[PDB]
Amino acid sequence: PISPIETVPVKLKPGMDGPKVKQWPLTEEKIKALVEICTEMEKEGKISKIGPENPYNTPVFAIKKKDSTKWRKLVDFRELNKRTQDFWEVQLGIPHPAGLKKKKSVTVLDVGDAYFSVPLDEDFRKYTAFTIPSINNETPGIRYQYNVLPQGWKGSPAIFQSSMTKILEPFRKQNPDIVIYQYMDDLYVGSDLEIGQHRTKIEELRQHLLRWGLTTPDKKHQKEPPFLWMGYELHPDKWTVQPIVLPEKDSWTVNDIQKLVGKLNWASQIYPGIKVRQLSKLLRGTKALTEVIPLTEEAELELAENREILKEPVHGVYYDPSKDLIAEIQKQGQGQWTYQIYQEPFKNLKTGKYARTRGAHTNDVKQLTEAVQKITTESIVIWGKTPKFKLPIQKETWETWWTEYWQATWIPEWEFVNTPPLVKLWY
């Protein structure tokens, strides 16, 4: 009730005004979950219905934090954050610990509830505007303003830092070798203990928070057929880009070698220093595609050369803190996914391949959206900031089914490609 504290004055980065992101039509099912959620949030005083005097909007969505669980609200504070958080990231910007990626295991604790306490500048409430839509435009929507720190605004966790840096003080003291990174209401705790011990020092910390700040972290475990690692574990150490493999059949049929010159060709921009001339000679004459033509001395020398030169990268590890890392995905096979996070063209900081056997989660959109989540979570761990995604998906189609398989609390910036990717190769 009357248990608030002083607030931190927030102000839009000079230049821009309040955001006004048009709200996407939501299905009836989800609207129900939203209206409900919202009502309790009004019954709890977290948010207060607002009038027309506010022409602001931030899209809302409904998602189930866990399989077969209840609904969870999700505001798209991407825009507001950009103006508001891009100013505040240089003032309260929470530094990123590189020790997180070096360690073995990492658990991601949802600490969103906390923010639900600290009241926001009675003046900034205006921007947090979020409109719940109604079918057929019958109603212009139950507009809503936020009171406490919404679980989406990148400026919130910044404020709540005060308390968080304290709550953790004790724990950290007794557990010195555990790094605790905090990104957007996500507690990224890392360590090197044996997983057996890890599962302990995590519940330990989970039991700690719950003791001092009444920070309640949604417990999570799946003893079912779809058994996911305990505590939703990650393993930064187990991460590296080596899947690029040239066929062992490069000197068989002309067609083959032809393809070989295909891969090596484009690789010219990714790995400056590769040659192909010698190998091209072999396939220089008008011939059939199935005619077998073995390797030759000079062709062989340059194949072996490039064959390995592909394993060990060159320069490119130029992480420009200014240039935003761009993430680009490429649908490959049946259950096989591949992505590349670069800053400049062909100068990637990391590449990977998402694997989710097609069948159960057969949904292309499910696997893509799944990959979209996985590709970022790590991105957070390694660069500590969300990459801009290029998804090989139909604009309209993506926006329609992305909230359905989404189990994240943040929303990566994305744009849609509409052109056949030449990157669609064996890798």
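For every residue, the number given is its place in the sequence shown, counted from 1.
- The stretch with the higher mean CA B factor, choosing between 375 to 383 and 23 to 31, is 23 to 31.
- Of the two segments, 98 to 106 and 304 to 312, the one listed with the higher mean B-factor is 304 to 312 (C-alpha atoms only).
- Remark: of 204, 113, 218, 169, 218 shows the highest value [criterion: C-alpha B-factor in the PDB entry].
- Out of 281, 323, 208, 72, it is 281 whose C-alpha atom has the highest B-factor in the PDB entry.
- Sort the chain's modelled residues by C-alpha temperature factor and residue 358 lands in the highest third, per the entry.
- Looking at the C-alpha B-factors along this chain, the one for residue 412 belongs to the lowest third.
- Annotation for residue 160: CA B-factor lies in the lowest third of the chain's modelled residues.
- Placement of the Cα temperature factor of residue 67 within the chain: highest third of the modelled residues, per the deposited record.
- Among all modelled residues in its chain, residue 352 ranks in the middle third by Cα B-factor.
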